[PDB]
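Participant: Each protein sequence line maps, in turn, to chains B and A.
Numbered by the deposited numbering, the letters in the first sequence go through residues 2 to 64, 81 to 117, 122 to 411 in order.
Numbered by the deposited numbering, the letters in the second sequence go through residues 1 to 64, 79 to 115, 121 to 411 in order.
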Amino acid sequence: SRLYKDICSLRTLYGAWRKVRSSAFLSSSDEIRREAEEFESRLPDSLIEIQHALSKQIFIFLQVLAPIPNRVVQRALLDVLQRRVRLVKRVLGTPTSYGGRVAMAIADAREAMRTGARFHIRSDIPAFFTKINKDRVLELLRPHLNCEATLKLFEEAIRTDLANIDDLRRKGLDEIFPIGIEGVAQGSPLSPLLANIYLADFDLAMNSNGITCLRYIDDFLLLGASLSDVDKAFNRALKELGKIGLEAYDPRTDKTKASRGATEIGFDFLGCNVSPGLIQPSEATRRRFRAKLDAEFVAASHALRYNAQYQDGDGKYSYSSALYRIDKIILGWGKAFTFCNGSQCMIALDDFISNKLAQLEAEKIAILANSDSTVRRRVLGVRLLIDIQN
Amino acid sequence: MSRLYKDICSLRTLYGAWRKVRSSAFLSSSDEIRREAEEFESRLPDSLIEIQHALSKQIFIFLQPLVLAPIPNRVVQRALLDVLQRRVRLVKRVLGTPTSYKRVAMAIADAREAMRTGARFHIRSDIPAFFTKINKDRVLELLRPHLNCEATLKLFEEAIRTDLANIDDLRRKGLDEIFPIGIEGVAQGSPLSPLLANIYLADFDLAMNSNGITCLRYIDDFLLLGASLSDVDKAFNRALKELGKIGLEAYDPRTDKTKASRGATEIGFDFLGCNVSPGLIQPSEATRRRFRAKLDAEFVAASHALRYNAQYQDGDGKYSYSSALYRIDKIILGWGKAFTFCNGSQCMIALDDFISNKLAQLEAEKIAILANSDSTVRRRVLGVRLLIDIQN
């Protein structure tokens, strides 16, 4: 079919590889950034192998993140469907569905609270990607595709990757992306579309009767004028989720899995603490960031003593390299939260960074005092020409 | 369309061509050359397809302060080289010439073997204005029977007219500022230049390697090795007669002391950026002087950035204390890796002492600047961004 030939064309496949590349570089993990580089090292034959297998309708190549051949096929399947299929173009353009962004949902949440949304319930659909009915998804997609090859490809994308997105795998994504939920949408490009197809009825039913429901994949936020309205909304949501064999964490019985109460006091949403007036990274996100920085400064502190005594020190953690990589870690994290207006927590984080940097600077000075020139070279991270020749 | 020209236009050979062009850009120290390759990489799908498409249409306008050839021109030249050397008998033959270079380290290795077997004297010269005085029609004349494909032949001619024939003495001096061994820059900036030189000087290579005279040539730099000063003088005059046959010449060391060398091999001589002596191979004095000047430039930029980042809040960050020590470290890595075939340890130690000394000056200047400074100045000076500046 024209639909399947569009997925097999190297134009859309190569076009999908760039999106997979960006989603990887937006992550802190070096292994994910280097995995894209090796696939890139075979760029001509590596994507033609995918194209050839799709033409033969052989999907065995799909077997914390999905493999790049799997990740590219998912991205290539999405772009074609959203510009060729009316339903896919429709569910991805849902006003209350975000993912195909976090800043938009939080901006909409903030706007609602500024305009009467004084109470909220924020919950999650537990075990969403494992409890969703694979056969209902294919059922809802079959007439809109009219291509059993594309349907089987979508079916194999779910079986190999999407249905395996469990809570253990999601926790691995949180330590990789600054806003953890953005990892699912980018390690599995079909997950936003998969959730939008399965919860399209849920979205339509929940945005009514003065209740706003903002949803990002399987995380949703109910906003209302009174506590009674959001309480009625949550029970209405449990029934809608129950129609398709799903549930949601009750904030009244699972205090740590869901939130409930006034919006004026603030609540966590998509990795940020959202008040009607203040938007900042959540306490859990900042704790994760301070722990990431501590590990780099600890590694830099050990390398000061190692490079002063030994000549096989890894330059990656030398003084120049460590300060260089910590700078990039700060750049990547701050850029992910440029939509936030909380200046106090950023300055508090800056004081934490400057404090540990002062500890490292003072430690370097004490070690390099009365040291010889070659020791200063290994500690600061500037190679000796004689070592390269030896 | 012939199978030879379809091979050049295939994206597979165009991809292996650009991967080498990308690699050669990183082997250069110039940040502009490394970032120019990234801009062509920013359009990776359509950038190489535009070339593939225009080649199939035989439209070569895309080949048109720039020291290297443009990346589309550089890619096509590399693709033309890869296809020719594995398909044409002459091209694989002239590239596999024993006395033609097989990197610089092999030419220097062959020079040591000649000295090891009796070459007590030498003459090292250059063919001046080689690429501008090269005859376009003689090149096509030597290639036309071995190709049998006018499409590939006209593409070779347009590569010469747009890039190779414009490699003049002013542009070569720009290549020395970029690569540790300056003559390697010609091969990296214009991939077809070694093949073009080997095709043009094939008769010269055959005539010179005779009568007990070893002739080692790298593009347009050549070295004559013989048992006596009389032998290499006879050989140099034989080289002038051969170069005069094709409207070329070579610098006479007897009249141009600074353009060519002549004398005993035991006292040492400069060849391909290296000083070659009986047992000591090391970077030449000009190569070491050019390297110290590059390090001086980075430390000057690092020194000025300490003063700038301490006074102003729009610092580049590229030359901050951590970033400067980082790039200088890599500059030292790239320069040292290029002379791993050398065995002269005293000059590597002398350069290390030079590096350690400039590093001590910079560390002392940073200490005086950061003394009695606040935390925000130390952040800009050391090269650790502020989270509050990103959010603003």
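Even for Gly, the Cβ is constructed at its ideal location relative to N, Cα and C.
Check for me: the beta strand (DSSP E) holding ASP240/A runs from which residue to which?
Facilitator: 240-245
Participant: Applying the criterion that 16 or more other CB atoms from any shown protein chain within 10 Å of the CB defines a buried residue, is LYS57/B buried or exposed?
Facilitator: Around the beta carbon of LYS57/B, fewer than 16 other beta carbons sit within 10 angstroms, so the residue counts as exposed.
Participant: What runs of the alpha helix (DSSP H), each 4 residues or longer, lie entirely inside the region 147-200 of chain B?
Facilitator: 149-152, 155-166, 169-181, 188-195
Participant: Name, please, each residue of chain A whose Cβ falls closer than 7 Å to the Cβ of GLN332/B.
Facilitator: Close to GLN332/B, with beta-carbon spacing below 7 Å, lies no residue of chain A; the smallest spacing is near 14 Å.
Participant: In the DSSP assignment, find the unbroken beta strand (DSSP E) run with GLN301/B in it and report its ends.
Facilitator: 300-302
Participant: Return yes when the Cβ of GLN91/A is within less than 8 Å of the Cβ of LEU211/A, no when it is not.
Facilitator: yes
Participant: If we count the other Cβ atoms within 10 Å of its Cβ and call it buried at 16 or more, is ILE200/B buried or exposed?
Facilitator: With 16 or more other Cβ atoms inside 10 Å of its own Cβ, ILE200/B counts as buried.
Participant: To the nearest whole angstrom, what separates the beta carbons of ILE218/B and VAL97/B, a pair I think is in contact under 8 Å?
Facilitator: Between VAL97/B and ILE218/B the Cβ distance is about 15 Å, and since that is not below 8 Å, they are no contact.
Participant: Would you mind giving the Cβ-Cβ distance between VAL295/A and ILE146/A, rounded to the nearest angstrom? I have them listed as a contact below 8 Å.
Facilitator: In fact, because the Cβ distance is near 20 Å, the residues do not count as touching under 8 Å.
Participant: Counting only Cβ pairs nearer than 7 Å, list the residues of chain B close to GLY266/A.
Facilitator: Within chain B, no residue has its beta carbon less than 7 Å from that of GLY266/A; the closest one is some 42 Å off.
Participant: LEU344/B touches chain A at which residues, Cβ-Cβ below 9 Å?
Facilitator: Per Cβ cutoff of 9 Å: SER339, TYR340, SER341, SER342, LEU344, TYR345, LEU401, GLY402, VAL403.
Participant: Taking the alpha carbon of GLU41/B as the reference point, which residue from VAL319/A, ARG19/A, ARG309/A, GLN380/A has its own alpha carbon closest?
Facilitator: The shortest CA-to-CA distance from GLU41/B to any of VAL319/A, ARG19/A, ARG309/A, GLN380/A is the one to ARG19/A.
Participant: Note down, one range per segment and in chain order, each alpha helix (DSSP H) of at least 4 residues found wholly within the region 278-339 of chain A.
Facilitator: 304-330
Participant: Name the two residues that bound the continuous beta strand (DSSP E) containing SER209/B.
Facilitator: Premise fails: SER209/B is in no beta strand (DSSP E) and is neither H nor E.
Participant: Does the separation of the CB atoms of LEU406/B and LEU299/A fall below 8 Å?
Facilitator: no
Participant: Pull up the CB-CB distance for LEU401/A and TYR340/A, whole angstroms please, since I reckon it's below 8 Å.
Facilitator: 5 Å
Participant: To the nearest angstrom, how far is the alpha carbon of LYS278/B from that of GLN332/B?
Facilitator: 50 Å
Participant: Strictly below 9 Å CB to CB, what residues from chain A border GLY355/B?
Facilitator: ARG404, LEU405, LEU406, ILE407, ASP408, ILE409, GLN410
Participant: Using DSSP with H/G/I as helix, E/B as strand and the rest coil, what is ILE142/A?
Facilitator: In the three-state DSSP reduction, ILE142/A falls in the strand class (E or B).
Participant: Does the CB of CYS168/A have a neighbour CB from chain B at under 8 Å?
Facilitator: no
Participant: Taking 8 Å as the threshold, find out whether the region 127-141 of chain A comes into contact with the region 235-254 of chain A through three or more Cβ pairs.
Facilitator: Verdict: yes, contact present.
Participant: Have a look at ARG35/A and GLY137/A and give me their C-alpha separation to the nearest angstrom.
Facilitator: 48 Å
Participant: For chain B, check one thing: does any of its Cβ atoms lie closer than 8 Å to the Cβ of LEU11/A?
Facilitator: Proximity of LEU11/A to chain B, defined by a Cβ-Cβ separation below 8 Å, is satisfied.
Participant: Is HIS53/B near the ligand ZN, with its Cβ less than 7 Å from a heavy atom?
Facilitator: With respect to the ligand ZN, the structure offers nothing, as it holds no ligand at all.
Participant: Quick check: the Cα distance between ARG281/B and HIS141/B, rounded to an integer number of angstroms?
Facilitator: When rounded, the distance between both Cα atoms is 6 Å.
Participant: Who are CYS234/A's beta bridge partners in DSSP?
Facilitator: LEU243/A
Participant: Given that a residue counts as buried once 16 or more other Cβ atoms are within 10 Å of its Cβ, and exposed if not, what is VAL102/A?
Facilitator: Around the beta carbon of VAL102/A, 16 or more other beta carbons sit within 10 angstroms, so the residue counts as buried.
Participant: Looking at the unbroken alpha helix (DSSP H) that takes in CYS9/A, where does it start and where does it end?
Facilitator: Residue range 3-9 is occupied by the alpha helix (DSSP H) that includes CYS9/A.
Participant: Ends of the alpha helix (DSSP H) at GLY263/B?
Facilitator: 248-263
Participant: Give the interface partners of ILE200/A over in chain B, defined as CB-CB distance under 7 Å, in chain order.
Facilitator: The contacting residues do not exist; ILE200/A stays about 15 Å from chain B at best.
Participant: Should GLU261/A and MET227/A be called a contact, given that it needs their Cβ atoms to be closer than 8 Å?
Facilitator: Cβ atoms of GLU261/A and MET227/A: closer than 8 Å.
Participant: Under 8 Å between C-beta atoms, does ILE374/B make it to chain A?
Facilitator: Interface residue, yes.
Participant: What separation, rounded to the nearest whole angstrom, lies between the Cα atoms of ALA343/B and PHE318/B?
Facilitator: Pairing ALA343/B with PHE318/B, the inter-Cα distance amounts to about 8 Å.
Participant: In this structure, what does DSSP give as the bridge partners for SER229/B?
Facilitator: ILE232/B
Participant: When the distance is taken between beta carbons, is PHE358/B closer than 8 Å to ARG143/B?
Facilitator: no
Participant: Does DSSP put residue 1/B in a helix, in a strand, or in coil?
Facilitator: Residue 1/B lies beyond the range of chain B shown here (2 to 411); nothing can be said about it.
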